[PDB]
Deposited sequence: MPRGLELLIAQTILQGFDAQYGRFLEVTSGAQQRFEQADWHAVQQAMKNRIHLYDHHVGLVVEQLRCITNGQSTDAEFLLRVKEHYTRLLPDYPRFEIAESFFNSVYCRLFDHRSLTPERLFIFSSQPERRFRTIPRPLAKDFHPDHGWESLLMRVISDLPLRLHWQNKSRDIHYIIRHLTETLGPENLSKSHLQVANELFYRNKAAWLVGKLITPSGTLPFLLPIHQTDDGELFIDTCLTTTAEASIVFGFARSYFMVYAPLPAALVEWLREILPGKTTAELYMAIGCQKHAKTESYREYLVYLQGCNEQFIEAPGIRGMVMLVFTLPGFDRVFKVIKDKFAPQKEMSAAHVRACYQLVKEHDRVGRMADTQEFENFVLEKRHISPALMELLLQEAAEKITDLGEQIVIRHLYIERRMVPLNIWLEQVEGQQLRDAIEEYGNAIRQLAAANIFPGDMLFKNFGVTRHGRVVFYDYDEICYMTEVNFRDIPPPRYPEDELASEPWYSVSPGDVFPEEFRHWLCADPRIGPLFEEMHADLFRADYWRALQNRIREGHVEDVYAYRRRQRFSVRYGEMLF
């Protein structure tokens, strides 16, 4: 059959996705054991492995199509008929939204991400928003405080599958009660109850219980991060009940969660209540469905673009000397394209830059580096581009632009969450907002360093400030691993004094970072360590000794050991 081939391909693609998501779940399933045996280097390798799964299976499916069709995998009318058959397979399939993403990826491979039209692939979903039926398996369990909250929480902690001893179980329970009472007041507390997700959300050294705390006045997040003693005993480090704290825990600058989710769209829907600020793409990316989040983000971009009456402009701030960065005035994302030629001092390849972006992508981002989404042959309407930006694009990125009459195609760019560059933020805020910004800036350095990321060019212009006031690094092309750096004490005179590649003089940092009397004093007060090579070496040594530094996705004040010790 000519029609058999069309169906064989459609079933091949869908089979690939069946397997891909099955392997995604199998890797994720192993998060508990990795946590239980504190194999923190297995945890990090698992995040890289799971990140690579989708592209692998897309690749396999494409080579299968290549060998099966013997040429027609490039025929477009053929693959438009495959798409019709594939579309008709989706109404019964549970993960249909991601099945469309997987087909999209296969299509884009076949045609080098060219010729993307709404008829040839699922730029938009082919299925209605008719998915709110009662979930085949409950994804959460209700817990009411019929016998009070002490032995409510003592069942919840009891039902956890974790196979380790608790350091002091009821101590932690009382901590949680203190927080809940101080927050709701005893009367309302006894009226409210929990609905907690049945799967734990794992990240690095933490196992997060994620619930909804439903109260008279409304429903709130309920997050308990579970950590491990150096010995191997479990404790709950805190309790977060604000949407703001939850937004940060599920933040774009953190590694994705490892959470066993056979129906991700259902888990995504359930999370909306406690994450009302997140787009659908952001929620999918928070539970690890990164590639589907890409699909959803291009849709979010299209929605915004068509309803905005603004043009693309260069992003405000200090112009990059390797990246060209533009945005839409009201849009929450930036577009970053690598320049054709970098400043004449700078001897590095565009490929190095791309490699640094991939390094960040599969690293523990530790709440301090933004997630990026790489796009190839991104298409823009000429009419949507500021004349200022269009002139810039053709000066600096000409080799990456091709004309298509009323449109252009950018060969390669990254999409990143938009922030306020810190060099602008520090000119905008005073007193306490300014203190908190410098605290966060220095903490950004420290946490990246302890995670074996040396930021390289640490100037304020290379950090961004989020909606919740957090400082996040985004200039990735001078990153190196901490272990690759040679920290030295005496700064060179500023010829005959020997300095070799990889030499860093933290004492030199104070010249840039304390030049402004509004800022220096504050940096000195809180981050003087950052000017001592011995401090950096200490972090370097702990890293070489295999140690992995704890990271708290919330203020240190909120730790039970702190606010109640």
Original post:
So which bits of the deposited sequence did not make it into the model?
Top reply: 495-503, 575-578
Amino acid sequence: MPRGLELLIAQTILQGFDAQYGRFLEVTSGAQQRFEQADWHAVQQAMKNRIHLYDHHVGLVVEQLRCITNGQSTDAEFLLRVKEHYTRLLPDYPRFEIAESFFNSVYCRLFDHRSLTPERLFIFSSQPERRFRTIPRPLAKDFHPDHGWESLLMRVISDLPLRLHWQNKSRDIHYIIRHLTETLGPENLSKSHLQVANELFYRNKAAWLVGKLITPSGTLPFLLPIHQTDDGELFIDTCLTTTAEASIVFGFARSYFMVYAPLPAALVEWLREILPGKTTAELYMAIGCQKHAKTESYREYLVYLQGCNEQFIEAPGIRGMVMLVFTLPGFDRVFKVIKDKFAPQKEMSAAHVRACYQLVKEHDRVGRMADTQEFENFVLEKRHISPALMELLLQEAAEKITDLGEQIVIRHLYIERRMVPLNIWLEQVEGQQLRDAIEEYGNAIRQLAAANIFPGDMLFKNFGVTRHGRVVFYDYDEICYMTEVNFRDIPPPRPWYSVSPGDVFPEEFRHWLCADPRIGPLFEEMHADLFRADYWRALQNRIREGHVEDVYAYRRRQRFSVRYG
From here on, numbers count along this sequence of modelled residues.
Original post:
Comparing 125-133 with 96-104, which has the greater mean CA B-factor as deposited?
Top reply: 125-133
Subject >> Stretch with the greater mean C-alpha B-factor as recorded in the entry, comparing 245-253 against 230-238 >> reply: 230-238
**OP:** Among 193, 299, 83, 354, single out the one with the highest C-alpha B factor in the record, please.
**Re:** 193
Original post:
Between 439, 75, 269, 364, where does the Cα B-factor run highest in the record?
Top reply: 75
Original post:
Compared with the other modelled residues in the chain, in which third is the CA B-factor of residue 59?
Top reply: lowest
Original post:
Compared with the other modelled residues in the chain, in which third is the CA B-factor of residue 27?
Top reply: lowest
Original post:
Ranked by Cα temperature factor within the chain, is residue 320 in the lowest third, the middle third or the highest third?
Top reply: middle
**OP:** Comparing against every modelled residue in the chain, figure out the third that the C-alpha B-factor of residue 49 lands in (lowest, middle or highest).
**Re:** lowest
**OP:** Consider only the C-alpha atoms of the modelled residues in this chain, order them by B-factor as the entry records it, and name the third containing residue 306: lowest, middle or highest.
**Re:** highest
